[PDB]
Structures are given as structure tokens and as C-alpha cells.
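Encoded as C-alpha cells, the structure appears first; notes follow it.
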Amino acid sequence: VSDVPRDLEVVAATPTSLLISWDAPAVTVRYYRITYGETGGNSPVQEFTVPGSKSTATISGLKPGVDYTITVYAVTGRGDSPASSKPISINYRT
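Sequential numbering of the sequence shown, starting at 1, is according to the entry's author numbering.
Printed below as a string of C-alpha cells:
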């Protein structure tokens with residue numbers, strides 16, 4: 001049943017750049033929404049949607065040596081029904 005959020009890990013980092021990768025089942029997923037922000041509360045960093053076509057992603061513009069909270073909102077649907085998914089979030093030091 002539940003199996004949209006999984007395999008979320010970091011492959012490596014680079015000068016002002018990080019590479020995160022998760023999963024994408026075969027169910028025609030409507031779209032994905034990746035949002036991230038450095039712990040602070042001064043202002044959210046950024047977010048971006050994708051047709052679930054990209055299984056990986058390259059994010060940059062962050063600050064090395066700091067806590068970072070990530071949240072992936074996976075929305076699926078068969079046509080237009082209230083098909084609500086199960087979003088998830090986790091904190092990690094990057």
C-alpha cells in the first residue's frame with residue numbers, strides 16, 4: 001500500500017552544492033514538491049515542483065556546516081479525485 005516516500009539519502013556534497021536522491025514508483029504520480037529551508041525562521045529558502053520525472057536533484061545556494069530541514073510532498077491522483085498522499089519531513093545536518 002504505502003510506498004511513495006523511500007530511499008531518501010545523500011550521495012555526496014560539493015562546493016556550494018548538494019545532491020539528494022529518493023524514489024519514484026510506477027504509479028503515474030501527478031507531481032512532486034521539494035521544499036527546503038535552513039533552521040532559523042528568518043525566511044524560507046526555496047521550493048520547486050517537478051513532474052516526478054527526476055528521481056534525483058541538485059540543490060545549491062545553501063550554507064555548508066548547518067542544520068537543514070527537508071520535506072517532500074508527493075501528490076498522486078487517478079484523474080481528479082481527492083487522492084491525498086502522505087507527505088513526510090526529516091531534519092538532517094548537512
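Cβ atoms here follow ideal geometry from the backbone N, Cα and C, with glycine treated the same way.
Just checking residue i against the ligand COA - is the residue's beta carbon closer than 6 Å to any of the ligand's heavy atoms?
i: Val72; result: This structure simply doesn't include the ligand COA, nor any ligand for that matter.
If you measure from the beta carbon of residue i to each beta carbon in chain B, is any gap under 7 Å?
i: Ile90; result: Absent from the structure: chain B. Only one protein chain is present.
On a CA-only basis, which of the options is nearest residue i? Give me that one, please.
i: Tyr31; options: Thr49, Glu38, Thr39, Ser89; result: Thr49
i: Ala74; options: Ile34, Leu18, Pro44, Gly41; result: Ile34
i: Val10; options: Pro51, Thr76, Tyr68; result: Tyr68
i: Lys63; options: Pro5, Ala13, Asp80; result: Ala13
i: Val1; options: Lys86, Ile90, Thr94; result: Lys86
i: residue 97; options: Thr28, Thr71, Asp7; result: Residue 97 is absent from the model: the chain starts at 1 and stops at 94.
i: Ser89; options: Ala83, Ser81, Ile70; result: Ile70
i: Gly65; options: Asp23, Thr39, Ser53; result: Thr39
i: residue 100; options: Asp3, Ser17, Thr16; result: The first residue shown for the chain is 1 and the last is 94, placing residue 100 beyond what the model contains.
i: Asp7; options: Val72, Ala83, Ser81, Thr94; result: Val72
Rounded to the nearest angstrom, how far is the Cβ of residue i from that of residue j, given a contact under 8 Å?
i: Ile59; j: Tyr92; result: So it is not a contact: roughly 13 Å between Cβ atoms.
i: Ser21; j: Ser43; result: The pair is not a contact, with the Cβ atoms about 27 Å apart (cut-off 8 Å).
List the DSSP bridge partners of residue i.
i: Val75; result: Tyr31
i: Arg93; result: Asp67
i: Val10; result: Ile20
So within the segment 15 to 58, which uninterrupted alpha helix (DSSP H) runs reach at least 4 residues, ignoring any that extend past its ends? Runs of the alpha helix (DSSP H) spanning 4 or more residues and lying entirely within the segment 15 to 58 do not occur at all.
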